[PDB]
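Each chain gets a letter, A, B and so on, in the order its sequence line appears, and its residues count up from 1. Atom set for the values below is all heavy atoms of this structure, side chains included, hydrogens, waters and symmetry mates excluded.
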Amino acid sequence: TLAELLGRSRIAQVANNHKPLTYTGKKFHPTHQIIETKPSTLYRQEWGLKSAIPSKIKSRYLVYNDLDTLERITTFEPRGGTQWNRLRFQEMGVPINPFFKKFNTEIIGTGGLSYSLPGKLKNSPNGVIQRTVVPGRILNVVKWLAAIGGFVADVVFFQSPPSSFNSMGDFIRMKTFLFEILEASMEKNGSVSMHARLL
Amino acid sequence: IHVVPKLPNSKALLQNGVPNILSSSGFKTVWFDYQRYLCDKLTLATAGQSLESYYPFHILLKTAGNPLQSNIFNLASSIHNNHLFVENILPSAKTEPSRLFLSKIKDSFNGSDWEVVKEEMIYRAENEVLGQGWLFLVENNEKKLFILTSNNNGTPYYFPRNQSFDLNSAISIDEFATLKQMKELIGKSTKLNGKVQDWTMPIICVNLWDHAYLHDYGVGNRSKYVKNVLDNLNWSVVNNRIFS
Amino acid sequence: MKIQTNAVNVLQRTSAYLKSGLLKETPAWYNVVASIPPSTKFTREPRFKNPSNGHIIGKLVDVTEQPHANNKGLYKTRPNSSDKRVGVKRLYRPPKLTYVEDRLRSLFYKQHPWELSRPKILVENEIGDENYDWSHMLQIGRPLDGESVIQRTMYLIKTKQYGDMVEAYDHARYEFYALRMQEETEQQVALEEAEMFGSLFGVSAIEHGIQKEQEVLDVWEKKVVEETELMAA
Amino acid sequence: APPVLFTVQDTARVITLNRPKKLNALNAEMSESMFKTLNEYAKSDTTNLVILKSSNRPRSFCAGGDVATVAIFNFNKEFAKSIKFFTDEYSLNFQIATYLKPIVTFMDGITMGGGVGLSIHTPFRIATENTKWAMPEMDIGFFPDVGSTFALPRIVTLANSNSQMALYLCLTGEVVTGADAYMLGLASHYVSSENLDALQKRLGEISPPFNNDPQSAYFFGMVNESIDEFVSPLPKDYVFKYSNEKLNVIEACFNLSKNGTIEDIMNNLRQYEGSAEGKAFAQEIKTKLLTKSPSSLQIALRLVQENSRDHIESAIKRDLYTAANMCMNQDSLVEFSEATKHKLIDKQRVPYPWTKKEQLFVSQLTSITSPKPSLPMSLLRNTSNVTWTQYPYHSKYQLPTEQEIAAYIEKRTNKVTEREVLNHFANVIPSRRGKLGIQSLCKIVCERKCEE
Amino acid sequence: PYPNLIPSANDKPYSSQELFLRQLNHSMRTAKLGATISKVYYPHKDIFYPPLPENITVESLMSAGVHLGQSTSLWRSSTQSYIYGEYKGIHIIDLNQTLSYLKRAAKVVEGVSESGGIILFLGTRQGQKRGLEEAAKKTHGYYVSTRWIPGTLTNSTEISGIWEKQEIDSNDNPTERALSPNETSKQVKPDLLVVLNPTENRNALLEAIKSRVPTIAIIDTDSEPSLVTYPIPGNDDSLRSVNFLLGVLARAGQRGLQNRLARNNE
Ligand SMILES: [Mg+2]
């Protein structure tokens, strides 16, 4: 019947949610399913939703709340950013087990951020990679805070900050540093707490 | 879904393989099972994504510059390569090299004969491909035919993914300087994806994977298999692959 | 808007024109419309069953059919005020379609918020072309996502291999983890093996993010300096 | 409640069979009420078409006639009541066949015996996924009774050039289900059950465009088109039940001259060398035909032989005479009531042991299909009172026959390709444009009846 | 094949144009090697390979998104009988009814094209031009996608009277006969109007009513059904759903035209 197909249809596969699309609080994890389109469908404003998305949207990713509203629009944001954070984490290689052997709503383990298992070495043309080096940005004078790969992490120094820190001041974020991501756990709220060290 | 293409004369291919190269159980291993295995894996790696709408050549060009999609690239490469190879060894869809092909051999390989270039290809495959890989005779934008050996699932179209050097073992300073120059040229591109133009196209492709020769030849004897391949190419296809 | 009369009776008015002689030639559509009549009722039609869950619409349970004490211990001996109100509106209200999977789709993405970051394509290929055996989770023509888990859960329930939805859902979850770990190891090892054979990549994800942050931060610096200078004056 | 319900849908009149427990088994009360009410509707100028359906919608449309009472009317020797029963039933069938207004039959569920009679004589007969069509009279010691011997030699599409597929269906009593009945031409349209409500509304709305004559071919075309609007594609993983090989088996083995006997068919079944599986299918038929009534087999054979070349009125009269004689059973030639007792009153799975095994002589079998002086009989007059050799509207609004496919292919001889025939029968003939299964039917016919 | 191209000399490399032709030769032969793609939706194919009306299923209407109706807050209750239910804050259109109405409308289009009547395809939303043009060109019909001038039917003399007209034979072959000014000045009224967005085209619907032209339209959850002769319940907001229904109607018209030419060639 039509009802069974509707229950199995791709729109039905997206779980209902009405969280604000313009949240200004703290973001620990994704809140909205990212919707993607191919170039061929985007050329025809086709996204598998009810209504054609406006031609102004050149990006191939969006998030949305309502297919249609009393305002005769679809409530959406042309953003798919949270996928690039996840992939960047996958590039770091630092791992984070409940993935091994009435309903509980709490996040299980990592909430899908990473499925990599703990103990493995990264072979390289030099040799086994002993530690993971990643570019980052020191944020503010404070363990300092660094923007690394879409995540805010805690920076610890070998001995003390260099002169560039206080030379630049609040413009310290303009320059790129190298960090060693020591470790990465996740807390109950669902937030990843990476510990790094400046180099 | 990506599906294995239907080959001309499939019944004869399943009954008697390719004469002078493969038995029936060898061609079944290299095409009717390996190509199915690869197409299933590509389908599982690209289903529900944009790449599902693209042919493997377009997939490997799109994913060539993205480090995290390498597995897809590998699949999309091998599939493509595996049909470039099979196509140019199939009995038919007595073919001989065209005048243009031999002319370009004389203008590229120091005025050498085709058999001499075949022996050079045997040697190149024997040495520079330890284990799995592909052997190619490719045409660059300079109208020059040269021999290219990729490891595993490197592609002949896009030089940053040729994978012509095995960095597991020691390399000569010449190879390291080549890698440094290619890295600098990659960095020279302005496109945000970091891609480069590369008009190299394959003329001849030989599958050096164990799925091709192991059953019919053995652990050694891959040189014999490559020789049988190059002595029994489908020259209609190979001649069509060269721009007139 | 008033139910219009003159769109569905074009044949009758045209035939009046033709019979009177006001119109000489019969139009090309005339015989076609005469042979294919329009629907001209435009009625509201009742419905007696919810299509999705099979709930019957428009049944009243009588007091005779409740012979047992309710949860508060009281028998039902006469109709209540709800039973005495005519519920004809429910027969015409388009029913709300409901599926247990939606409750189970909400749970998965509450337990795996980063599975929302995996892009999803809502453009259907062809719903009729799907021939899935949900005895396993991986399907040719499908991605691995929450819907695989939930369809496997529903399959396990309808075959009674599990009695409780919770246990079937947990089993599907663990199969999903088994497949995801394999996929991620495949990706990482593919990249490692590619680098070991001289694959020269350009910009990676981290460098991509760094360059976008730089593009934004240059404009931010300029605005900050301009605003500080303006504030000083 | 009354065994038949009559209702109105804005111009159509709906006749609902209303005996759910007995699966809408047809009676003389039911037949008489239907016959008289159809006689009334034939005169009404506010009636455009009649719909025939069942209240027990999914399980059954009409699960045969209620011949158990006919068998008790003969255990108590009340032969006049059996005569009245068959007179009513067959006069009703004759009325439906010759009705001048469209009749639409919803064969949603089991359709057997009297049900086929109610449904087979109308140009508009709709099968659904639930349609279970059969003609199981051979095992109760009875014959194809409802004009089936007249209809099946004419309407069946495949392997029916000499009524041999009709003979297979009649003698074996094979249950033909769903889209197989549509593809064989036993049903004229194929509509999902969920749609039959909407179709019923649509059939209640359409009227003749002007001059208000619902008896014209124009209105039959309109009804055909409105039914076509509710036909949905067959499921992708659907295959016709009888492969080309089994159709070859039927065509070879049930072919006969106009003097062929059941012994000829048995010899053909024994002496078949088609293929491995198609030779085992002939053995299956051999086996199950041996569980049938020897006398009923021959009676059905001669009835098909004569009614496949006769006109409708005399064919139905011949069925009436045969039923009367079989109930009389003067010479104990046929064990009808004795086996109807066996299988419709005790529900004994084991087949009734047919004591009377003989090859009835042609004259010993001609007197069981003829009028009689000691007991005159006649069908009841209806408003049409016409007769014909071929159906007026059936061929237009069902799938084409192999005969019509051959007529088109042989008109191009006196260079054709598959595409020509498929595109012709699919696109150009107006009443059959976009007809559901033209492509596959034409492929089957071309695959097993010509070479190029 | 490729005139006014000057090849290069064997000593010197390929030029940009030679590289283009070389990679075209590659693209048509070897670029598609490795695998064939199956069961994947390609947006252009709805326009160039629309199915026949008899082959349409509920599943293919649903994959096109025809079932997705307007928000329940914008419901026009006169469309109540077309609705299957509500799901995720929108009304779902009953696709069984959509299929029945679509087959009826397709048969009307086919019958009108088979009779040599004029068919007009009206759709004024953003990306509907391609489908409208192709429907018109395969039905030998006409289309508008820019704007419906009010009075195009009821004031045809003041609007369409100046544009040129043409005599054609049974095979639709231009006769190139000279028309009289009186003949050129006459109204040439469509025999069938099909509108893809009837809510934004009330002027056209009312003119068709006054000018007594039967009309087909895609009727969404907020649209008035009684304003058209042959409604098709469906989503009028998605270009995929609109193009699917339009391609179906265009193919039915094409089949009618082919039948007309067939009998006129016999
Ligand atoms: Mg709308």
Side-chain angles (χ1 to χ4, degrees), chain B residues 1-5 35-36 38-43 46-48 50-61 75-88 100 103-104 106-107 139-144 157 197-203 205 237-238 240-243, chain E residues 1-51 57 59-60 62-65 68 88 127 130-131 238-241 243-244 247:
Chain B
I1 296 94
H2 301 284
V3 186
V4 179
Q35 194 75 340
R36 173 59 174 285
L38 293 172
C39 284
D40 268 20
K41 274 181 75 190
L42 187 61
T43 299
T46 60
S50 179
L51 293 166
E52 82 190 321
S53 306
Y54 294 85
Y55 289 103
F57 176 62
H58 308 320
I59 290 166
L60 68 85
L61 289 183
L75 290 159
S77 190
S78 62
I79 290 156
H80 186 66
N81 291 340
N82 198 38
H83 201 184
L84 276 160
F85 152 73
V86 166
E87 184 178 1
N88 69 9
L100 191 147
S103 170
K104 289 172 89 84
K106 294 181 176 67
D107 288 314
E139 181 185 275
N140 59 10
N141 76 102
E142 294 294 328
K143 305 167 165 281
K144 181 179 174 63
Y157 299 92
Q197 296 294 321
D198 187 5
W199 287 114
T200 302
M201 317 195 165
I203 309 306
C205 172
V237 170
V238 176
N240 289 336
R241 282 180 191 174
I242 301 164
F243 183 52
Chain E
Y2 270 98
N4 71 40
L5 186 143
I6 46 170
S8 61
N10 290 318
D11 48 10
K12 297 296 289 183
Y14 288 115
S15 63
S16 60
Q17 298 85 19
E18 289 186 346
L19 290 160
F20 169 75
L21 293 188
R22 167 175 186 254
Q23 64 84 30
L24 271 183
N25 170 68
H26 176 283
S27 70
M28 65 179 288
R29 261 200 270 262
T30 63
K32 294 181 176 67
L33 291 169
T36 61
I37 294 164
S38 171
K39 292 149 71 202
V40 166
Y41 163 70
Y42 287 99
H44 71 276
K45 291 183 173 181
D46 291 331
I47 286 165
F48 301 95
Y49 310 109
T57 57
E59 289 81 3
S60 62
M62 179 165 216
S63 81
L68 302 163
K88 298 178 162 301
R130 194 80 193 88
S238 168
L239 278 177
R240 181 186 181 166
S241 75
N243 271 313
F244 182 80

Do you know which two heavy atoms are closest between [X] and [Y], and how far apart they sit?
| X | Y | result |
| --- | --- | --- |
| B:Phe243 | E:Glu18 | CE2-O, 3.8 Å |
| E:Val40 | B:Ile1 | CG2-N, 3.7 Å |
| B:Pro5 | E:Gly34 | CD-O, 3.5 Å |

To the nearest 0.5 Å, what is the distance between [atom1] on [X] and [atom2] on [Y]?
| X | Y | atom1 | atom2 | result |
| --- | --- | --- | --- | --- |
| E:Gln23 | B:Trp199 | CD | CH2 | 5.0 Å |
| B:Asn240 | E:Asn25 | CG | CG | 8.0 Å |
| B:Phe85 | E:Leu33 | CZ | CG | 13.5 Å |
| B:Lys104 | E:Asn10 | NZ | CG | 7.5 Å |
| B:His83 | E:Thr30 | NE2 | OG1 | 10.5 Å |

Proximity breakdown for [X] and chain E, heavy-atom pairs closer than 4.5 Å:
| X | answer |
| --- | --- |
| B:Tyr54 | backbone |
| B:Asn81 | neither |
| B:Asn82 | neither |
| B:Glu142 | both |

TODO: Let me see the working for B:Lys143 and E:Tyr14 under side-chain contact (heavy atoms from CB on, under 4.5 Å), right down to the final yes or no.
DONE: CA-CA 7 Å; B:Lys143 305 167 165 281; E:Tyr14 288 115; 3.5 Å; yes
Task: pair B:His2-E:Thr36: side-chain heavy atoms closer than 4.5 Å - done: no
Open item on the list: Donor-acceptor check, side chain of E:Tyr42 to backbone of B:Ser53, threshold 3.5 angstrom: yes or no?
Closed with: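 Yes.
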- [ ] Over 60° means perpendicular and under 30° means parallel, so classify the ring planes of B:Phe57 and E:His26, tilted if in between.
- [x] tilted
